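Spelled out, the chains give:
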Amino acid sequence: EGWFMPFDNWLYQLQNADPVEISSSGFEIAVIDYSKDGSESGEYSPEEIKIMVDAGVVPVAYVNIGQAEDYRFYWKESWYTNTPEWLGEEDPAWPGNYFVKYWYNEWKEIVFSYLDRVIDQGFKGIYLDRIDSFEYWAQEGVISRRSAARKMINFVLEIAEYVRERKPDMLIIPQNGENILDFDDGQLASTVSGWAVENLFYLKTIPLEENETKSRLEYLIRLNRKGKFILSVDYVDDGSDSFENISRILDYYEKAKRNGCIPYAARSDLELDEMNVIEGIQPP
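Residues numbered from 1 in each chain as written, not as in the entry; some residues may be left out. Heavy atoms only, no water.

As recorded in the entry header, the structure was determined using X-ray crystallography to a resolution of 2.400 Å.

See the structure below:
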């Protein structure tokens, strides 16, 4: 069910991204972190980002809007002792990431200050992680599911207003949480430029139940039909030249393209640490 696909490929790399390497790789759109090491001192310069723009690559900045990350410029040492009401527990699965009450003004103003830097660096899109934080707080019983969903929708809308006031063409791509559209009045679906998803056909190496995949696709197809691109990333490539492995990459690409999803086969380590070239396939 796969028609609106304005990019031939995409790159997801959050560590060790190299503008020169990317600029001459043949990837069309690259989602990287806004810093070489995530930290303030590693922030890409306007010039380093312009290398990619100059080669016709569309560079997009990852921004985690559902969790505080303890190595970022915004993190404060005082938060360990005098903990803000909106800073919650550490993510068992991602040490150094903390769930936040993303509806509190102070968290929003941190995220706006991060967007401020991303705009000035010359990024052409933002890729917004932990939309699914709405599910986390609902599971914790801290607020209602509807409350959380609304709050996250409104926040992404406020993020769209902030960045488009400065850069009207800025792309806006949330990651995961696409089921949040159940609570959208349609303004979020129209405001995004596209939507990115992890673990659609495969959870790492392991193929998913077809029903689970179809529920997710129900949301993505609707967006596609409205002129919104869908970036897929499955962590299917185990690094080997095995037969199993390459057949799996090819199965993933075929399932992706047949349903309108632009695929990126990433390493099953989850590190997103290199530009993952796969001879004859990625880029294609």
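Next comes the rest of the write-up.
The tally for this structure, following the rule as stated, stands at 25 aromatic pairs. Taking the centre distance of 6.1 Å and the plane angle of 55 degrees together, the rings of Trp-10 and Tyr-264 count as tilted. With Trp-10 in the segment before strand 1 (11-13) and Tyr-264 in the loop between strand 13 (261-262) and strand 14 (265-267), this residue pair connects regions lying 254 residues apart in the sequence. Taking relative accessible area as the criterion, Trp-10 reaches 0% and is therefore assigned buried. Judged by its relative accessible area of 1%, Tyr-264 falls in the buried class. Look at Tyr-102 and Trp-103: their rings are 5.1 Å apart centre to centre, the planes differ by 85 degrees, and that puts the pair in the edge-to-face class. Ring pairs connect the aromatic residues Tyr-34, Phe-73, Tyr-74, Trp-75, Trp-79, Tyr-80, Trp-86, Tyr-98, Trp-107 and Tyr-114, which therefore count as one cluster. Across from the ring centre of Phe-73, 3.8 Å away, lies the NZ or CZ of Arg-117, which sits over that ring. (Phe/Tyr/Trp six-rings, centres within 6.5 Å; stacked < 30°, edge-to-face > 60°. Helix = DSSP H or I, 4+ residues; strand = E, 2+ residues; numbered from the N terminus. Buried < 20%, exposed > 50% of the residue type's maximum accessible area, 1.4 Å probe, protein only. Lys NZ or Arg CZ within 6 Å of the ring centre and 35° of its normal.)

Our next topic: the environment of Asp-234. Structurally, the position occupied by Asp-234 is in strand 12 (residues 229-237). Considering only alpha carbons, one finds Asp-234 and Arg-267, 33 residues apart in sequence, at a separation of 8.4 Å. With near-sequence residues (within four places) excluded, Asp-234 lies in contact with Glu-198, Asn-199, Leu-200, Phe-201, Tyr-202, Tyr-252, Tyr-264, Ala-265 and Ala-266. Looking at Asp-234, its side chain comes within polar contact range of the main-chain nitrogen of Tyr-202, at 2.8 Å. (Contact = heavy atoms within 4.5 Å. Polar contact = N/O pair within 3.5 Å; in protein donor to acceptor, adjacent residues only side chain to side chain.)

In terms of nonpolar packing, the biggest core is built from 96 residues, with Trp-10, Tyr-12, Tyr-102 and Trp-107 touching the most fellow members. The element that contributes the greatest number of residues to this core is helix 5 (residues 145-166), accounting for ten residues. Other than its neighbours up to four places away in sequence, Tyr-102 contacts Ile-65, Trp-107, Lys-108, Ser-133, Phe-134, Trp-137, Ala-148, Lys-151, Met-152 and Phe-155. (Core = buried A, V, L, I, M, F, W, Y, C linked by side-chain atoms within 4.5 Å.)

Ordered by their spatial adjacency, three strands build an open sheet running 4-6-5, and the pairing between neighbours is antiparallel. Pairing within the sheet leaves two strands with one partner each, and these edge strands are strand 4 (67-69) and strand 5 (87-90). On average, each strand axis in the sheet is inclined to that of its neighbour by 35 degrees, with strand direction left out of account. With two bridges joining them, strand 5 and strand 6 (residues 97-100) adopt antiparallel strand pairing. Paired with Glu-90 across the bridge in strand 6 is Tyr-98. (Pairing = 2+ DSSP bridges. Axes fitted to C-alpha atoms, helices over the stretch in contact; angles between N-to-C directions.)

Next up on the list: helix 3 (residues 105-121). Its 17 residues give helix 3 an end-to-end C-alpha distance of 25 Å, which sits within 8% of 24 Å, the value for a rise of 1.5 Å per residue. Packed against the buried residues of helix 3 are helix 2 (46-54), strand 3 (58-64), strand 4, strand 6, strand 7 (125-129) and helix 5. In the segment just after helix 3, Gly-122 is the residue with positive phi, at about 95 degrees. (Expected span 1.5 Å × (residues − 1).)

In spatial order, the strands read 1-2-3-7-8; together these five strands make up an open sheet with parallel pairing. Each having just a single partner strand, strand 1 and strand 8 (171-174) make up the two edges of the open sheet. The average undirected angle you get between the axes of adjacent strands in this sheet is 20 degrees.

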